[PDB]
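**Student:**
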Amino acid sequence: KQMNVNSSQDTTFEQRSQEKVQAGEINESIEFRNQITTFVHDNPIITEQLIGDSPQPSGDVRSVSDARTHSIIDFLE
Amino acid sequence: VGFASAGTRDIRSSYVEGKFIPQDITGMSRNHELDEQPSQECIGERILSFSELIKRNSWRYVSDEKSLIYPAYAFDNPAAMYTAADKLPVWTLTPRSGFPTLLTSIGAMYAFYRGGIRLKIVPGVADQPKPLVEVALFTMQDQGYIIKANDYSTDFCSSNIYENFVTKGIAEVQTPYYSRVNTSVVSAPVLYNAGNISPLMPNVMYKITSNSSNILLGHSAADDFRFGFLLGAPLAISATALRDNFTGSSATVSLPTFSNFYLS
Amino acid sequence: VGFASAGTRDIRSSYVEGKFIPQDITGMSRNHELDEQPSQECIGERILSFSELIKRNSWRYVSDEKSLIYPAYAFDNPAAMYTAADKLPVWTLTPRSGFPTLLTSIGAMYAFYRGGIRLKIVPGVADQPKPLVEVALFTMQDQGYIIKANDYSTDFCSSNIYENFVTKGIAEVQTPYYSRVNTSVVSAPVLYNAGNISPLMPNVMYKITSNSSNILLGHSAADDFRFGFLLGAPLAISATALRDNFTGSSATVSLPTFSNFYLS
Amino acid sequence: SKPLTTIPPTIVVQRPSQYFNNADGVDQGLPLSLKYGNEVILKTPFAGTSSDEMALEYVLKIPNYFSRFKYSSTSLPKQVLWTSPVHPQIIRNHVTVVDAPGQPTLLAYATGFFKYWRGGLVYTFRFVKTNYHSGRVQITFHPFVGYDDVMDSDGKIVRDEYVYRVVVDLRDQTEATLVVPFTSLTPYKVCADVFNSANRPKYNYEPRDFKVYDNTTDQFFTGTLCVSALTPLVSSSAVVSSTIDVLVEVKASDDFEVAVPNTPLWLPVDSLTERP
Amino acid sequence: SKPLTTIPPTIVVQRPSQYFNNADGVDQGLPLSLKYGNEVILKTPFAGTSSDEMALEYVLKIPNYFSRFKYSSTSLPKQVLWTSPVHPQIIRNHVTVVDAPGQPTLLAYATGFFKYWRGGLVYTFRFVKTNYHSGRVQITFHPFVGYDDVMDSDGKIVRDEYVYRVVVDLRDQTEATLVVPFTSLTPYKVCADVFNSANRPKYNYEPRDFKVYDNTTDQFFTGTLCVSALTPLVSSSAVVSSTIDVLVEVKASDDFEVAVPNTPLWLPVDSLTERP
Amino acid sequence: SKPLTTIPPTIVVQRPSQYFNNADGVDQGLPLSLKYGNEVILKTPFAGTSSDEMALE
Amino acid sequence: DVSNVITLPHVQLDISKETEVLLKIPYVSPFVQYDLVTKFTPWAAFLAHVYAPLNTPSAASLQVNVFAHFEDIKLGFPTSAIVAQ
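Residue numbers (PDB author numbering), protein chains in the order written: chain B, 9 to 85; chain A, 1 to 264; chain A', 1 to 264; chain C, 1 to 276; chain C', 1 to 276; chain C'', 1 to 57; chain B', 171 to 255. A prime marks a further copy of an entry chain.
#1: Short of 6 Å in beta carbon distance, which residues of its chain neighbour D24/A, apart from the five on each side in sequence? Order them along the chain.
#2: Any beta carbon of chain B sitting closer than 8 Å to that of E17/A?
#3: Can you pull out the residues from the region 15 to 38 of chain B whose beta carbon lies closer than 8 Å to at least one beta carbon of chain B'?
#4: Using DSSP bridges, identify the partner residues of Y110/A'.
#5: Can you list, in chain order, the residues of its chain with a C-beta nearer than 7 Å to that of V163/C'? Leave out the 5 residues immediately preceding and following it.
#6: Going by Cα to Cα distance, which pick from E17/A, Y15/A and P22/A is closest to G2/A?
#7: Taking DSSP's pairing of strands, which residues face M54/C' in a bridge?
#8: Does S66/B come within less than 8 Å of chain C when only Cβ atoms are used?
#9: Relative to the alpha-carbon of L32/C, which residue among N262/C', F69/C' and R200/C' has its alpha-carbon at the smallest distance?
#10: Who are the Cβ neighbours of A214/B' in its own chain at under 7 Å, not counting the five residues just before and after it?
#11: Pick out whichever of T222/C', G48/C', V212/C' and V150/C' has its Cα sitting closest to the Cα of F182/C'.
#12: In whole angstroms, what separates the C-alpha of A176/C' from that of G112/C'?
#13: Can you find a CB in chain A that lies within less than 8 Å of the CB of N204/C?
#14: What is the DSSP secondary structure of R60/A', counted as helix, strand or coil?
#15: Does the separation of the CB atoms of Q103/C' and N164/A fall below 8 Å?
#16: Could you tell me which of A229/C', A100/C' and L121/C' sits nearest to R136/C', measuring between CA atoms?
#17: Can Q174/A and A222/A be called in contact, C-beta distance under 8 Å?
#18: Tell me where the alpha helix (DSSP H) around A236/A' begins and ends.
#19: When you compare the CB positions of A47/C and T92/A, do they come within less than 8 Å of one another, or not?
#20: Helix or strand or just coil, what does DSSP make of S67/C'?
#21: Counting only beta-carbon separations shorter than 8 Å, does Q57/B have a partner in chain A?
#22: Mind checking who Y82/A pairs with in its DSSP beta bridge?
#23: For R92/C, write down the residues that DSSP places opposite it in a beta bridge.
#24: What residues from chain B' crowd round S187/A, counting only those whose CB sits closer than 8 Å?
#25: For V26/C', which of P3/C'', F20/C'' and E57/C'' has the nearest alpha-carbon?
#26: State the DSSP-derived secondary structure class of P38/A, mapped to helix, strand or coil.
#27: Measuring CA to CA, which of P268/C', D245/C' and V212/C' is closest to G232/A'?
#28: Beta-carbon of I54/B versus every beta-carbon of chain B': anything under 8 Å?
#29: Kindly identify the DSSP beta-bridge partner or partners of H133/C'.
#30: Just the Cα atoms here: how many angstroms apart are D254/C and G120/C?
#31: Which residue marks the beginning of the alpha helix (DSSP H) containing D82/B, and which one marks its end?
#32: Considering only residues of the same chain and omitting the five flanking positions on each side of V90/A', which have a CB-CB separation below 6 Å?
#33: Once DSSP output is grouped into helix, strand and coil, what is the label at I121/A'?
#34: Could you tell me which of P207/C, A259/C, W266/C and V250/C sits nearest to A198/C, measuring between CA atoms?
#35: Let me see if you follow: with CB-CB separation under 8 Å, is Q173/C' close to chain A or not?
#36: Looking only at its chain, what residues have a beta carbon closer than 7 Å to the beta carbon of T231/C', apart from the 5 residues adjacent to it on each side?
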């Protein structure tokens with residue numbers, strides 16, 4: 009997942025690995041996190057992009073970006 | 001691979017990238033596998049990219065000015081009107097920068113471009129006493145990016161090329177990208193205030209001068225030109241249908257072609 | 001390196017020679033470090049010296065004489081007048097040797113030069129029966145280093161070149177430095193008595209003859225030409241402002257450009 | 001020294017514009033840049049991709065939605081639900097104007113720059129249904145026959161034992177994709193232009209109708225692709241609609257090829273309105 | 001012997017002046033010297049230097065005095081003392097005539113031969129004071145803002161916590177130099193020409209005013225450089241002047257670059273007088 | 001740099017159609033194909049034979 | 171015509187099969203970054219069109235929800251300019 013997913017987990021067979029659950033349900037589903045939000049999907053999903061997708065090259069922004077970086081901590085300092 | 005599925009499987013990028021491979025109805029992929037014999041025996045060439053087609057020149061505009069300012073990187077196409085009402089011409093075309101060419105017709109499928117272009121000029125008259133044609137890079141910031149008769153008499157020290165309509169017959173020019181950005185916008189909007197400084201197109205135009213009362217301008221992509229971000233079919237009409245005259249009015253639409261230009 | 005100092009530190013030569021290196025306001029020199037991507041992606045070339053620009057030709061003067069004596073190495077620019085008074089043309093230019101070119105405009109920033117120059121000639125009329133143009137080295141000691149119609153009928157055995165306005169269309173000449181000194185003076189003063197023997201410029205002029213009633217002369221630096229001792233900005237006016245007509249009188253200033261010349 | 005030349009003569013060919021119409025060769029134009037050899041690099045990636053978006057292999061493989069049909073509890077066994085001639089000049093309707101020629105799809109526009117075509121075409125059928133609709137449909141390819149001839153007078157498909165066929169069971173399944181291979185007596189077909197429905201000197205151009213495969217139509221297409229019902233689409237009317245929509249998309253296969261680029265079939269315009 | 005030629009034909013291109021507008025290529029002119037290949041050597045040193053005085057790296061790095069301002073016991077905390085748009089078309093006033101366009105500095109004249117520019121600009125502030133004047137001033141760079149927007153209605157600087165800033169303590173110190181890096185959404189900016197203050201067909205050209213950074217001005221500059229007082233400049237009036245002059249010079253940084261040489265912005269003249 | 005040319009002149013022969021009547025030589029025609037060098041292969045066999053049906057023999 | 175939407179970079183949602191669908195688009199524009207000060211020009215637009223109508227036995231409606239986030243983020247330069255409304 010090139011969806012800059014912080015974590016991803018196909019949970020389709022999760023119910024089959026609970027000790028006190030017998031013959032657990034096989035349920036197509038997937039859970040993934042993006043920063044502070046976790047999406048818990050209860051069916052298949054499709055993840056699409058441009059054909060031959062390539063993020064904007066870093067060199068393109070030198071005309072405006074600062075060589076120094078700025079985070080929240082940097083601003084407070 | 002399987003003809004059917006429960007849920008979407010034929011995804012736009014997966015097919016083009018070769019990750020999704022549909023099965024032939026006959027079950028034998030050999031039936032849709034490339035065969036090179038046909039092109040080698042019947043055609044004599046094999047075109048693989050529109051990159052090849054846009055390098056072919058086509059006619060864009062006819063000027064009746066001896067000295068003209070022309071919007072080099074403007075790729076717009078004509079406005080069209082249709083009617084089936086009695087005695088009215090069926091189709092009418094109203095150009096802004098010119099009529100469609102391979103460059104602008106292929107370009108209409110994309111959002112962006114980058115790189116240089118080429119210009120070709122056919123003279124209405126090859127005047128022996130004053131046979132030269134000058135094509136100059138025009139950069140005045142004040143000029144709108146539109147076609148206009150030359151009224152400037154102070155554009156000294158410009159980049160100029162000279163061609164001779166009598167000793168050669170057709171003027172040939174190559175224009176560098178000369179852009180303030182690395183990605184230009186196909187048929188970007190041109191405005192009243194605008195002038196010649198918008199970042200959406202190279203800030204460069206042509207100033208064409210000769211002693212021929214009329215000239216026919218054409219263009220094509222230079223060797224470093226490219227279109228990018230495919231959008232789809234552009235709004236279009238059947239070229240052959242432009243001969244329609246079923247309303248009783250004779251067809252009056254006429255594209256800029258050498259035969260239309262050279263003979264009256 | 002330190003933003004401030006007690007006493008002068010940013011010294012003219014030290015900075016240009018790289019001995020004084022000012023600090024970027026951001027503290028990261030990378031922010032003003034050369035990036036080659038822009039020129040490679042957007043422009044297609046990268047100009048590094050005015051030496052390159054002066055090798056490009058530009059128009060200098062229009063002659064209405066069929067045979068003319070012309071001051072080859074005279075790099076002076078026109079005298080200008082300005083007024084905002086009602087009904088008077090806002091700007092007026094009065095040339096001596098010609099109007100500004102890349103050669104004379106770049107040259108006006110320097111005190112000296114050395115090396116040869118090139119001449120280009122566009123004919124007002126390419127006369128089929130008498131199509132030749134002769135450009136001859138002119139050395140009479142008596143001639144003032146100024147523009148003058150040719151009245152000489154005794155300048156035998158000169159160095160001559162011939163170009164054909166009908167088979168080619170533009171005359172092209174290269175002039176050697178041929179100087180009595182190794183350092184010439186840009187726009188050296190020419191006097192009444194003077195003649196053609198001053199050491200401040202090559203003692204050589206052009207004698208141009210053709211059967212065209214008018215010709216357009218242009219020039220550029222030859223490959224061994226150089227300007228030296230930078231002085232600064234020369235006295236100058238806005239070229240675009242020459243179109244000014246706010247006084248109610250229509251602008252009458254006109255620089256020698258191909259379009260101005262070829263059409264009336 | 002100034003010796004007499006000893007170089008022998010060369011025969012020359014005077015030319016106003018060599019390679020004017022070619023994709024290749026060496027252009028002789030005069031450059032407007034200060035550096036004669038000015039040239040910008042080939043940027044990769046560009047416009048978001050590392051792919052070559054100008055290649056026919058890219059452009060012709062983009063999906064073209066071009067048609068739709070219905071399937072319901074009312075459809076009868078062997079009833080033809082939809083047909084389409086197999087070729088690339090697949091068109092759509094202009095919305096603001098009622099001209100006969102219409103608007104080309106990407107596939108028709110792009111292939112329209114060439115007079116000849118050959119190769120396989122990929123078709124995708126998207127059945128918009130629920131898991132509670134149930135029915136079987138068959139997708140058949142009929143080379144060398146127009147659409148009036150795949151059906152009898154009752155709209156029922158005929159001679160289906162003779163053709164390549166895919167029997168699609170629809171319960172949980174919702175999509176079917178297949179490649180229809182090129183089937184032709186000539187290595188290349190013609191990309192169909194509009195035809196004159198009037199008599200010269202009158203001109204009234206309209207799109208060609210492939211109801212029959214004969215010598216007046218066979219130079220443009222290879223035959224007909226057809227979808228017919230094997231059973232009605234059944235379902236409980238208490239909970240689901242009895243009729244569904246089926247969408248169809250077409251695109252080029254790996255061997256698709258176009259040739260003889262010349263006068264394009266389609267002309268791009270910035271706007272299209274009714275003339276008052 | 002006199003055999004028939006066997007050399008094949010060559011296609012030719014007729015040309016009046018190949019490379020006329022190029023810095024390079026091979027000139028075809030006829031030389032006036034007796035020796036066809038006449039050429040003078042490249043003299044080094046020449047005119048007193050071994051440096052290349054024609055290189056942009058030399059010409060654009062020469063200092064350009066272009067502005068001055070005051071700082072006094074009267075200046076208030078946060079008061080903007082001076083501002084300048086960051087770009088190279090820095091002009092001066094013609095002394096003998098009152099035209100609006102004015103006289104270019106070396107930097108404006110030289111870059112005026114090109115339509116595009118990019119790169120860092122170096123600014124040097126020379127505070128003409130004694131060691132008995134004392135005050136703190138701050139030099140700030142405000143990309144994407146014109147001069148009316150760096151100040152509030154009281155002439156006080158606003159939002160200075162957000163910008164690169166140099167706090168200069170002035171006691172013994174007299175000079176400050178810094179590089180303002182190129183900050184732009186487009187790799188190149190346009191070298192500003194004068195603009196028409198009248199309505200066509202009337203023309204009255206004047207220099208552009210960068211009071212605001214918006215779509216009518218942002219293609220020419222990157223923003224505003226500003227000097228504001230943090231404290232008044234204090235000193236004993238018994239011995240020193242209470243107000244001082246501050247001089248400003250500008251020149252190109254190492255990465256400065258110009259492109260697209262064409263019609264120059266400035267035209268050199270041998271004299272400029274009022275027309276009677 | 002932009003040096004003066006040092007290539008010596010070449011005498012030329014103006015010709016409307018070189019090799020017009022010859023079976024050989026090099027044709028100077030302008031091709032109508034998109035690829036300048038368009039050419040179809042020599043098909044063998046052709047029309048039912050591997051023989052050269054154009055040969056006088 | 172939805173046919174001109176299908177030729178664009180896109181993803182399709184079948185409400186009976188997929189629960190959600192995602193489309194990632196890289197930054198592409200003549201400007202190397204989006205101008206927060208003058209707002210001159212949004213680099214893209216995401217659109218959702220009906221491909222096949224909501225089909226139910228009686229009139230009905232559904233909410234189509236959108237979640238979005240940025241990635242491959244590149245920041246500009248420190249300035250006092252206001253992020254325009």
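All residues carry an ideal CB built from backbone N, CA and C; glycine is no exception.
**Tutor:** The answer reads as follows:
#1: Reading the second sequence from its first residue, position 24 is the one you call residue 24/A. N31 and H32.
#2: Position 17 of the second sequence, counting from 1, holds the residue named residue 17/A. Interface residue, yes.
#3: none
#4: Here residue 110/A' refers to the residue found at position 110 when the third sequence is read from its first residue. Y110/A' is bridged to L230/A'.
#5: Translated into positions along the fifth sequence, residue 163/C' becomes position 163. Excluding sequence neighbours, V163/C' sits near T140, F141 and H142.
#6: Here residue 2/A refers to the residue found at position 2 of the second sequence. Ranking the options by Cα distance to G2/A, first place goes to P22/A.
#7: In the fifth sequence, the residue the question calls residue 54/C' occupies position 54. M54/C' is not bridged to any residue.
#8: For the purposes of this step, residue 66/B is taken as the residue at position 58 of the first sequence. Chain C, which has no Cβ nearer than 8 Å to the Cβ of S66/B, makes this no.
#9: On the fourth sequence, residue 32/C is found 32 positions in, with the first residue counted as 1. Of the listed residues, the one whose Cα sits closest to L32/C is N262/C'.
#10: In the seventh sequence, residue 214/B' corresponds to position 44, counting from 1. Excluding residues within five positions, the ones whose Cβ falls inside 7 Å are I195.
#11: As a working note, residue 182/C' is residue 182 in the fifth sequence. Minimum Cα distance to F182/C' is reached at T222/C'.
#12: For the purposes of this step, residue 176/C' is taken as the residue at position 176 of the fifth sequence. For the purposes of this step, residue 112/C' is taken as the residue at position 112 of the fifth sequence. About 28 Å.
#13: Against the fourth sequence, residue 204/C aligns to sequence position 204. Yes, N204/C counts as interfacial toward chain A.
#14: What you label residue 60/A' is simply residue 60 of the third sequence in a count that begins at 1. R60/A' falls in the strand class under three-state DSSP.
#15: Locating residue 103/C' in the fifth sequence gives position 103, where the first residue counts as 1. Locating residue 164/A in the second sequence gives position 164, where the first residue counts as 1. Against a cut-off of 8 Å, the Cβ pair of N164/A and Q103/C' comes out as no contact.
#16: Position 136 of the fifth sequence holds residue 136/C'. Among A229/C', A100/C' and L121/C', the Cα nearest to that of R136/C' belongs to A229/C'.
#17: The residue labelled residue 174/A in the question sits at position 174 within the second sequence. The residue labelled residue 222/A in the question sits at position 222 within the second sequence. Yes. Within cutoff.
#18: Indexing the third sequence from 1 puts residue 236/A' at position 236. That residue, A236/A', is in no alpha helix (DSSP H); its beta strand (DSSP E) goes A236 to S238.
#19: Locating residue 47/C in the fourth sequence gives position 47, counting from the first residue. Locating residue 92/A in the second sequence gives position 92, counting from the first residue. Not a contact, by the Cβ cut-off of 8 Å.
#20: Here residue 67/C' refers to the residue found at position 67 of the fifth sequence. Three-state result, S67/C': strand.
#21: As a working note, residue 57/B is residue 49 in the first sequence. Yes - at least one Cβ of chain A is within 8 Å of the one on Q57/B.
#22: For the purposes of this step, residue 82/A is taken as residue 82 along the second sequence, with counting starting at 1. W91/A and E274/C, per the DSSP bridge assignment.
#23: If you number the fourth sequence from 1, residue 92/C lands on position 92. Per DSSP, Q103/C.
#24: For the purposes of this step, residue 187/A is taken as the residue at position 187 of the second sequence. Per Cβ cutoff of 8 Å: no residues; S187/A is ~13 Å from chain B' at best.
#25: To locate residue 26/C', count along the fifth sequence from 1; it is residue 26. When each option's Cα is compared against that of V26/C', the closest is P3/C''.
#26: Walking along the second sequence from the start, residue 38/A turns up at place 38. Correct three-state label for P38/A: helix.
#27: Locating residue 232/A' in the third sequence gives position 232, counting from the first residue. That would be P268/C', whose Cα lies nearest to the Cα of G232/A'.
#28: To locate residue 54/B, count along the first sequence from 1; it is residue 46. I54/B counts as touching chain B'.
#29: Stepping through the fifth sequence from its first residue, residue 133/C' is reached at position 133. DSSP lists no partner for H133/C'.
#30: Counting from 1 along the fourth sequence, the entry for residue 254/C is found at position 254. Counting from 1 along the fourth sequence, the entry for residue 120/C is found at position 120. Cα-Cα distance, rounded: 7 Å.
#31: Locating residue 82/B in the first sequence gives position 74, counting from the first residue. Note, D82/B: alpha helix (DSSP H), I80 to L84.
#32: Position 90 of the third sequence, counted from the start, is the residue given in the question as residue 90/A'. Contacts found: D244 and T247.
#33: As a working note, residue 121/A' is residue 121 in the third sequence. Correct three-state label for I121/A': strand.
#34: Indexing the fourth sequence from 1 puts residue 198/C at position 198. For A198/C, the nearest C-alpha among the options comes from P207/C.
#35: Indexing the fifth sequence from 1 puts residue 173/C' at position 173. No - not a single Cβ of chain A is within 8 Å of the one on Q173/C'.
#36: Counted from its first residue, the fifth sequence places residue 231/C' at position 231. Within the same chain, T231/C' has close Cβ partners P77, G135 and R136.
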